Amino acid sequence: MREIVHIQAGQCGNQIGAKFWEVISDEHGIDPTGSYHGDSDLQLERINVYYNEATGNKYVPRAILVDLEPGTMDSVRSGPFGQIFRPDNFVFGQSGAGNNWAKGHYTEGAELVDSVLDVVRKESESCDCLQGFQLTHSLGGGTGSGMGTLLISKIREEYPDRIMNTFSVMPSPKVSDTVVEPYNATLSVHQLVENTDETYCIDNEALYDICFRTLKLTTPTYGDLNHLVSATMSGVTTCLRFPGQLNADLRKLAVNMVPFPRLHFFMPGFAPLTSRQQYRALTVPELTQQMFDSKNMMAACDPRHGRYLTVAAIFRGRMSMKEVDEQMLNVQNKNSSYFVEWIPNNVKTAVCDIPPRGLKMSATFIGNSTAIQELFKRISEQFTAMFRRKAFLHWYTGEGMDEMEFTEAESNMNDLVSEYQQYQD
Amino acid sequence: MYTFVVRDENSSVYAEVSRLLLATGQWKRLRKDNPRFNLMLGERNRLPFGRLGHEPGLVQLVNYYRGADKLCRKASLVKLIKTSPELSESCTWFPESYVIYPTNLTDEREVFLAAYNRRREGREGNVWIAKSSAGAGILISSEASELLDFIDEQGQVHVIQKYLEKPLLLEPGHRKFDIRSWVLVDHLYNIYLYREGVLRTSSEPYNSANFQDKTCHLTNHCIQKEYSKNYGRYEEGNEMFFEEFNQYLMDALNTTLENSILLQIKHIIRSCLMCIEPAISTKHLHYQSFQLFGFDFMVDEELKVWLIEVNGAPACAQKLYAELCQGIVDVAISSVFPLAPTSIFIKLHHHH
Amino acid sequence: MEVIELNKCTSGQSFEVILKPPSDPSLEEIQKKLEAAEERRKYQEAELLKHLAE
Amino acid sequence: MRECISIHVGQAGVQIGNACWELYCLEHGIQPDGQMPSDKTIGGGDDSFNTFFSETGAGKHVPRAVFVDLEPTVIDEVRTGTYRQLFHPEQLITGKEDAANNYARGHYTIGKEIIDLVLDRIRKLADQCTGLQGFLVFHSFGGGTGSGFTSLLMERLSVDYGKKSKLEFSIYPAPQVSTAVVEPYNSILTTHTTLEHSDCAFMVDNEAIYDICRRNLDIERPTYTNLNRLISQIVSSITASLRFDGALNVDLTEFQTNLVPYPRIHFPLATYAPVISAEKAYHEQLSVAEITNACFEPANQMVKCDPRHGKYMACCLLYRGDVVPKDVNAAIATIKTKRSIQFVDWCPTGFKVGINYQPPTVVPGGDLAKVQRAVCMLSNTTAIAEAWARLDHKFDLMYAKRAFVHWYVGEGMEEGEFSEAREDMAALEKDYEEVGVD
Ligand SMILES: Nc1nc2c(ncn2[C@@H]2O[C@H](COP(=O)(O)OP(=O)(O)OP(=O)(O)O)[C@@H](O)[C@H]2O)c(=O)[nH]1
Ligand SMILES: Nc1ncnc2c1ncn2[C@@H]1O[C@H](COP(=O)(O)OP(=O)(O)CP(=O)(O)O)[C@@H](O)[C@H]1O
Ligand SMILES: Nc1nc2c(ncn2[C@@H]2O[C@H](COP(=O)(O)OP(=O)(O)O)[C@@H](O)[C@H]2O)c(=O)[nH]1
Ligand SMILES: CCC(=O)Nc1ccc(C)cc1O
Ligand SMILES: [Ca+2]
Ligand SMILES: [Ca+2]
Ligand SMILES: [Ca+2]
Ligand SMILES: [Mg+2]
Ligand SMILES: [Mg+2]
Ligand SMILES: [Mg+2]
């Protein structure tokens, strides 16, 4: 009984969180009303990891929906699986955050955080043995970014020895809502450096490029981007949600993926990624070749520009476990220059018999690569282009912040960039 | 795509093999400390055999046979011959040798003197030669007092063996020489002899009444090119190859290189390598070995061949680097890692 | 090649063949290490809480 | 009769313990419910099998064993498995969250809070013994529990049972069946703190067991079940002398006398033959010479290494099945004339031979075939130091960059314990070289 507590915060966080529970609920055979209707016991073996068992054999997600405005969560409550969530687990305000990190972290958000912690504390007091938490949110807005990282700071204070995991959508000027997203993202990153054990970095530009160039979607929508996040979130959590010889909990994964405390930002990937030639069978070599291809990576970072500290690959479906080992060893033994040679056997593989909905097999990629410094360099450059002229700062100083806090965020992330640079050589 | 690592930058041989390997576009060189390799061109001393063959999915190959030092060390070779029944102490192709430890440190001091006093009493030729592995340091003398006293001044194990007082001399010149044979043993323990040998000749007339001047007695390529005044006079670089040497044996001695010399050389090579096969074979091992050997032979005026020593990290003659190194890639490397003749070797069949 | 110390019973036997002759911390100290490490954990967490207090 | 208590720590220890007690029962004629029809003494007796089994008044033969794991998933299989009836609940000790492959977590953070509970359960078994010999401790090198908590247990056992022998069955880490990267840290940390507390340790390298399963048993991708059933055969061959009538290795003390002349060098190499596939049509039964000669082939060693390039300090031959002393001595003579067996000059060149007439028992439906004779050779070779070197080299690679060190320091361990443990291994490697090399 190693329970996980899910928190989704803000527009992006709740919309991506929604699809996530939609994808895995289908995998575990849970219908929109919470009733199970699968045909395999493997669907229920680890069901309590993400679901609470209610009366009448009902399964209720262990999720907390947080936002500073009602809109998005009214959408979820009316969405496909909206009825599946615990009504008391909706915590929201009316003011909004106006895409303002200071509003989510210092003013509007501070007024609502205690009530969110009351629901978090409630879900935890009922866990037989809590592994830790996972948060879905964007860093470019105000609620998921500012209040999300405030939540993390207070959860680490009340649960200092629990694992804190996040799926963090990183802003991109090509898929942007406001010009202040680099401000909000730079401020959040430092919070994550300090108070998360693992952060899956999801770049909206990588999601966009994949939808446009690979999936051949002329005009991607946030919905299309969220399908990729859904599938990816389902992939990285397969080991947690299904039985297998791995027997891995959050702290075991972190212990083998994070050689240095601050360098815990991961590049996720997924394969296959096919446009609608969609019924073709995908061989293990093809699966492996794509999984390691940069075009299948969602951090919009070229791995060949850095080096992998650790890699974790999860294969789903009935396939040749012998044939997997061969192709995995083939990728390593054919590109060993991109793996640090001072971490022996830093590429691990795990299999799972149950494939995602509508796929004979698939592979999810989880990489701790120094190339992720390119992502933080982009953000840092966009931050500095505005901060050097103090552009748009009045939105933040009006909430009680000072320029000094911005200069420190700037320096905190340029230190992070440098830390990745030393381990790349 | 195959991968290899280079851990011996001083090896002129495998510097060429590495060059050839990359020229195939199917071999990729890695940093010298990367464990994920197919082929290791390892160091000479303290090669970590224990770390080989433990990478999942990689067939790993190394260019040194673990345990071959027993054959390529002066004292070790003597001990191996005198203790191994396959060679026995009555081995007819190895000069009467003795292992002598300096008195500042088993040892064959009294056994040597017993045979020495016997030779001195029987009017026989009693000239011995003292040498060691720590040399560039050699002494030739007919008095047992000079040989022993020379070893005590040192601090490493030495070997005293019978000096061939009747060596075969080439004409014109009246000069001594030795024969270098290159032997390649692959992972399956096939023994291949390079068809091309080299004679390292002395450009000075052999003088039996003066072992003090070691320029006409030592045929080392470095001694002739530094202390001899007739270097490069009779043949380029004091190196006579088989084609020339065979034609000489026919005009002068009315015999061939195959009959008069090569049969004894091929016999000695088999006897040495077969002797230690059970000790160094990698047949059922988690990794695979192959090694290039350089045998040094002597020929006396009776056309009898003697073994001088075995070199575990030999060099090649400049003219033979291309043919030999290519041959190494063919039978030793591509035989295990194939790529996408008239062999230059002479396979010495044997029973495994 | 000599066989020595032959012992036989209903379920087997044993013997020795010779081919050639030859030529702590107290309970007090363990608790100190366990408590000293628990003290370094408490100190590190105290600094984490102090950090979150600031 | 003197009792032996078996302790299984962590997942590897527990799953291997499960496979051994399954085999022990099939060997002694004990049924899953604990009954033993051939035991005419009901609820008592000082027979050889009683060293590993106590007896209740109801005729139940209960293993003298304790299972310890910081998380319950693995031990729950024991509670509901085929032999759930053998044990009672006090013997199965489970926490609620494991050590996350973190030595410091198993040894310090979690170990401190559960050690006294485990010692109390062991004390209960001890109180049933009229003459306890000592303990057999099964654990992995890689796990946080098997490494961190085991070393803690060994330190306390030396305090609570000073005069008792302690043997180990340790699983050496192999990447083919592991997703952990920090196992070199854990292995070296646990070897450093356990070294002075273990009288004799039998290391099994998962890489070796893995290759034997794929090569001899034709298992393309062996499972922990395949690995453990083969491991419990070697374990059984080693402990049979304690559970059956005999005169060689009759008590734990004899393992140190016969196999460990130098205390620190207490890691004998195990070699087992024959291992034949059950699915095979029908194999030609190998002779005494052929299986004995197989004991000097690296392919059937529990740790891959080259004994030809080390010196032997001791050598036992443990035969099971149709074997008579005449045949053994004939094969030994034939092997000395063909093999490179170098003994250290300060040790006799010989072989202690034990024969048990009952051939190896195989689990029905298992992977191994029934053979008429089998042998396990226990040899103390300096060649096994290749395993320490491999492991110490991987340690050096990560520790030079302090990779993952923060996870250990964060659980209360001091960084200086890494180097203190490493320097001990450098001294252990130097001992082997001083003994084996000229
Ligand atoms: N041969 C064999 N090896 C195993 C088995 N289970 C785990 N291992 C090995 O043990 C190492 C992992 O350590 P574990 O024993 O699983 O961990 P643990 O002792 O339970 O400690 P925790 O970290 O708290 O889980 C890896 O090298 C595995 O290959 C098993 O059943 N048989
Ligand atoms: N017993 C002996 N009788 C006659 N000459 C001998 C001899 N031992 C050595 N030599 C002479 O010494 C030379 C080889 O010496 P040796 O091989 O022992 O030194 P070395 O090993 O440093 C040279 P290399 O290893 O390059 O072949 C030969 O040319 C030979 O003429
Ligand atoms: N992938 C994805 N990104 C989104 C979505 N909605 C908003 N974003 C991104 O999130 C950032 C805006 O944050 P948002 O969640 O709207 O602000 P918040 O509600 O205050 O937390 C911008 O970078 C958007 O591009 C979504 O549904 N999917
Ligand atoms: C940080 C950006 C920001 O604050 N934006 C913003 C704009 C208008 C109003 C009314 C409120 C707002 O919050
Ligand atoms: Ca207000
Ligand atoms: Ca009884
Ligand atoms: Ca003790
Ligand atoms: Mg928005
Ligand atoms: Mg030499
Ligand atoms: Mg465990």
Side-chain angles (χ1 to χ4, degrees), chain B residues 12-13 44 68-78 80-81 87 91-97 128-138 140 158-170 175-185 191-202 206 214-225 235 237-242 245 257 260-273 275-276 291-300 303-318 320 324 346 348:
Chain B
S12 45
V13 167
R44 305 182 188 92
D69 48 303
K70 260 65 178 182
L71 194 70
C72 305
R73 243 72 179 183
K74 299 295 209 306
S76 297
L77 177 53
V78 179
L80 182 67
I81 297 179
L87 315 181
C91 171
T92 68
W93 44 257
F94 190 80
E96 183 183 8
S97 304
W128 302 79
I129 180 180
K131 47 185 177 179
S132 64
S133 295
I138 290 74
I140 312 173
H158 276 78
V159 297
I160 300 181
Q161 66 175 184
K162 189 67 192 65
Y163 187 90
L164 302 179
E165 305 185 23
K166 304 176 175 183
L168 178 60
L169 299 178
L170 303 180
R175 47 206 178 94
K176 191 178 182 176
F177 74 99
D178 74 323
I179 300 173
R180 160 61 63 82
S181 301
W182 290 279
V183 179
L184 180 61
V185 184
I191 303 178
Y192 302 104
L193 170 63
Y194 188 16
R195 78 162 81 104
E196 297 291 359
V198 300
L199 284 67
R200 291 169 290 188
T201 60
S202 171
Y206 179 84
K214 304 172 300 179
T215 299
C216 75
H217 294 276
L218 287 63
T219 64
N220 292 321
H221 186 273
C222 56
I223 296 181
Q224 297 295 332
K225 195 174 181 180
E235 43 276 355
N238 291 18
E239 296 184 349
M240 182 184 304
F241 294 91
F242 277 3
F245 180 58
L257 180 55
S260 63
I261 297 175
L262 212 61
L263 281 180
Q264 288 167 91
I265 289 186
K266 291 184 293 185
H267 170 61
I268 302 170
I269 295 174
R270 287 181 55 195
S271 300
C272 291
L273 289 172
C275 177
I276 66 176
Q291 188 169 357
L292 178 63
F293 294 91
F295 287 74
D296 299 331
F297 301 98
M298 277 279 300
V299 185
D300 64 5
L303 292 171
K304 175 185 176 179
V305 173
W306 302 80
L307 178 67
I308 296 305
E309 78 162 15
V310 189
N311 295 265
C316 189
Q318 172 59 358
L320 305 177
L324 184 56
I346 316 163
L348 311 179

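Chain letters run A, B, ... following the sequence lines, proteins first, then strands; residues in each count from 1.
Rounding to the nearest 0.5 angstrom, the gap separating the CZ atom in B:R180 from the OG1 atom in B:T219 is 10.0 Å. Atom CD1 of B:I261 is separated from atom OG of B:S181 by 10.0 Å, given to the nearest 0.5 angstrom. Taking OH of B:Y206 as the reference point, atom CG of B:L169 lies at 7.5 Å (rounded to 0.5 Å). Separation of atoms CG (B:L273) and CG (B:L348) is listed at 8.5 Å; rounding is to 0.5 Å. How far CG of B:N238 is from SG of B:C222: 11.5 Å, rounded to the nearest 0.5 Å.
Closest approach of B:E239 and B:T201 over heavy atoms only: N-OG1, 4.4 Å. Counting all heavy atoms, side chain and backbone alike, B:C316 lies closest to B:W182 at CA-CZ2, 3.6 Å. The minimum heavy-atom distance between B:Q161 and B:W128, with the atom names listed, is C-CE3, 3.3 Å. In plain terms, the two heavy atoms of B:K176 and B:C216 that are nearest each other are CB-O, 3.8 Å. Between B:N311 and B:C72, the shortest heavy-atom contact is C-SG, 4.0 Å. Smallest separation of non-hydrogen atoms from B:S132 and B:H158: OG-NE2, 3.1 Å.
Residues B:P314 and B:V13 have side chains not in contact (no heavy-atom distance under 4.5 Å, counting atoms from C-beta outward). The side-chain heavy atoms of B:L168 and B:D300, taken from C-beta on, include no pair separated by under 4.5 Å. At least one side-chain heavy atom of B:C272 sits less than 4.5 Å from a side-chain heavy atom of B:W93. Side-chain contact between B:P95 and B:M298 is absent, with no heavy atoms from C-beta onward closer than 4.5 Å.
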* Verdict with reasoning, B:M240 to B:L170, per side-chain contact (heavy atoms from CB on, under 4.5 Å) -> CA-CA 11 Å; B:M240 182 184 304; B:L170 303 180; 3.8 Å; yes
* side-chain contact (heavy atoms from CB on, under 4.5 Å) evaluation trace for B:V299 with B:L164 -> CA-CA 9 Å; B:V299 185; B:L164 302 179; over 6 Å; no
* Run the side-chain contact (heavy atoms from CB on, under 4.5 Å) check on B:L218 and B:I140 step by step: do they pass? -> CA-CA 10 Å; B:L218 287 63; B:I140 312 173; 3.7 Å; yes
* Step by step, work out the side-chain contact (heavy atoms from CB on, under 4.5 Å) result for B:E235 and B:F241. => CA-CA 9 Å; B:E235 43 276 355; B:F241 294 91; over 6 Å; no
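In this view, B:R270 satisfies the salt bridge (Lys or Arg N to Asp or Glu O under 4.0 Å) rule with no residue, not counting sequence neighbours. The ring pair (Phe, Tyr, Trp, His ring centres under 6.0 Å) search around B:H221 returns B:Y231, not counting sequence neighbours. Among residues two or more places apart in sequence or in another chain, the side-chain hydrogen bond (donor to acceptor under 3.5 Å, both in side chains) test is passed with B:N220 by none. Every residue two or more places apart in sequence or in another chain that forms a salt bridge (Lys or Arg N to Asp or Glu O under 4.0 Å) with B:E309 is listed here: B:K74. Remark: B:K162 engages B:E165 in a salt bridge (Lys or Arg N to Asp or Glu O under 4.0 Å) (not counting sequence neighbours).
Shown here is B:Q318, whose CD atom has no more than 12 heavy atoms of other residues, nucleotides or ligands within 6.0 Å. Crowding of B:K266 atom NZ: a count of heavy atoms from other residues, nucleotides or ligands under 6.0 Å exceeding 12. Counting heavy atoms of neighbouring residues, nucleotides and ligands inside a 6.0 Å radius, atom CZ of B:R200 exceeds 12 of them.
With hydrogens and angles ignored, the 3.5 Å screen pairs a side-chain donor or acceptor of B:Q264 with a backbone N or O of B:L303. Between the B:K214 side chain and the B:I138 main chain, a donor and an acceptor come within less than 3.5 Å of each other. A donor-acceptor pair is defined here as one N or O able to donate and one able to accept, closer than 3.5 Å; such a pair exists between the side chain of B:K304 and the backbone of B:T92.
For B:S202 and B:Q224, the side-chain atoms include at least one donor-acceptor pair closer than 3.5 Å.
Considering B:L307, B:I268, B:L87, B:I308 as possible partners of B:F94, the one that fulfils the side chain to side chain contact (heavy atoms under 4.5 Å, CB included) test is B:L307.
Using cut-offs of 30° and 60° for the angle between ring planes, the B:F295 and B:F293 rings count as tilted.
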Can you give each donor-acceptor pair under 3.5 Å made by side-chain atoms of residues 192-199 of chain B, sequence neighbours left out, with the distance rounded to 0.1 Å?
| unit_1 | atom_1 | unit_2 | atom_2 | d |
| --- | --- | --- | --- | --- |
| B:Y192 | OH | B:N190 | ND2 | 3.0 |
| B:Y194 | OH | B:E323 | OE1 | 2.7 |
| B:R195 | NH1 | B:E323 | OE2 | 2.6 |
| B:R195 | NH2 | B:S343 | O | 3.3 |

